[PDB]
Amino acid sequence: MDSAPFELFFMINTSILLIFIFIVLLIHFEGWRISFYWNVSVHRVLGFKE
């Protein structure tokens, strides 16, 4: 089963690259969803977590 991502990075370097591209990209498309999902506090869930 897929789990333990932190350890996965120790495998290859690309792992961090891809995630870095997908992550930074997602936030771009999510930035707009912030409105539709205003009722929810998904963003805050990560804002404080990070």
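All Cβ positions, even for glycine, are placed from backbone atoms using ideal geometry, and neighbour counts span all protein chains on display. Throughout, read-outs are computed from the coordinates displayed, never taken from laboratory work.
Identify, from the list 6, 20, 29, the residue that is part of a helix (DSSP H, G or I) and more than 13 Å from the chain's Cα centre (by Cα).
Numbers: 20 fails: more than 13 Å from the chain's Cα centre (by Cα); 29 fails: more than 13 Å from the chain's Cα centre (by Cα).
On inspection, the qualifying residue turns out to be 6.
Condition test on residue 12, is it in a loop (DSSP other than H, G, I, E, B) and surrounded by 10 or more Cβ atoms within 10 Å (Cβ to Cβ)?
Considered against the rule, which asks whether it is in a loop (DSSP other than H, G, I, E, B) and surrounded by 10 or more Cβ atoms within 10 Å (Cβ to Cβ), residue 12 comes out as yes.
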